[PDB]
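# Notes for the structure review
Below are the chains, spelled out letter by letter.
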Amino acid sequence: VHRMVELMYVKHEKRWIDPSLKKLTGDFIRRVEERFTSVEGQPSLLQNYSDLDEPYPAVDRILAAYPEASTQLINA
Amino acid sequence: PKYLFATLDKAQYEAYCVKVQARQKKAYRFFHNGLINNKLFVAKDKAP
């Protein structure tokens, strides 16, 4: 999720190379959520892709809500 | 297991713990690859 942001969001210009790619990075994030939640009811921390507009500040918030997402590698 | 580790120095044991957790990450990777691609078993074709 980090490398996604790194390579599609230009830091020193506070812009995404394209909204679509912000969606992309957003969707995968949504996924990591799912991978790491195991009970119905909990809503997404990234509820609007608007959140990713200033990403790096917000992203870390979500990723931190799902601890293990920093411990284990992607599922095959 | 703990009792074996009590033979070592925190120096040693903690060095080992870093080794282990790296392995697990390889293992984890492999196991998931296998499940998906049916390669949890890989026949060797030639000796080393």
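This text follows the structure it describes.
All right, on to the overall build of chain B then. Secondary structure summary: chain B contains two helices and zero strands in total. Looking at chain B as a whole, 6% of its 48 residues are labelled buried. If you sum the accessible surface of chain B, you get close to 4800 Å²; carbon and sulfur atoms cover 61% of it.

Inspection of the entire model under this criterion finds four aromatic pairs over all chains. An aromatic cluster of at least three residues, connected via ring pairs, comprises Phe-5, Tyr-13 and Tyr-16 of chain B.

The next point concerns helix α2 (residues 10-37) of chain B. In a regular helix each residue adds 1.5 Å, so 28 residues correspond to 40 Å; α2 of chain B covers 40 Å between its end C-alpha atoms and thus fits that length. Buried within α2 of chain B we find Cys-17, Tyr-28 and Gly-34 of chain B.

As a further point, take empty space enclosed by the protein. Residues and elements named next belong to chain A. In the structure shown here, the tally under the stated rule is one cavity of 30 Å³ or more. Lining the largest cavity, in full, are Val-1, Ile-29, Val-32, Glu-33, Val-59, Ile-62, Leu-63 and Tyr-66. The set of elements that each furnish at least two residues to the lining of the largest cavity consists of α2 (19-36) and α3 (55-65). Residue classes in the lining of the largest cavity are distributed as seven nonpolar, no polar and one charged.

Residues and elements named next belong to chain A. This structure, assessed with the given rule, holds four salt bridges over all chains. The salt bridge involving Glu-13 is made with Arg-15; its shortest N-O contact spans 3.4 Å. On the accessibility criterion, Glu-13 (45% relative accessible area) is partly exposed. Take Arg-15: its relative accessible area is 44%, and that puts it in the partly exposed class.

About the thresholds
Residues numbered from 1 in each chain as written, not as in the entry; some residues may be left out. Chains lettered and ligands numbered in written order. Part of a larger assembly, values for the part shown. Heavy atoms only, no water. Helix = DSSP H or I, 4+ residues; strand = E, 2+ residues; numbered from the N terminus. Buried < 20%, exposed > 50% of the residue type's maximum accessible area, 1.4 Å probe, protein only. Areas by Shrake-Rupley, 256 points an atom, 1.4 Å probe, with all protein chains shown as cover. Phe/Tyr/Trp six-rings, centres within 6.5 Å; stacked < 30°, edge-to-face > 60°. Expected span 1.5 Å × (residues − 1). 1 Å grid on protein atoms, 1.4 Å probe; cavity = no way out; pocket = protein on both sides within 12 Å on 5 of 7 lines; lining within 4 Å. Points joined across faces, edges and corners; volume = space filled by probe spheres on them. Nonpolar A, V, L, I, M, F, W, Y, C, P; charged D, E, K, R; others polar. Salt bridge = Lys/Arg side-chain N within 4 Å of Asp/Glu carboxyl O.

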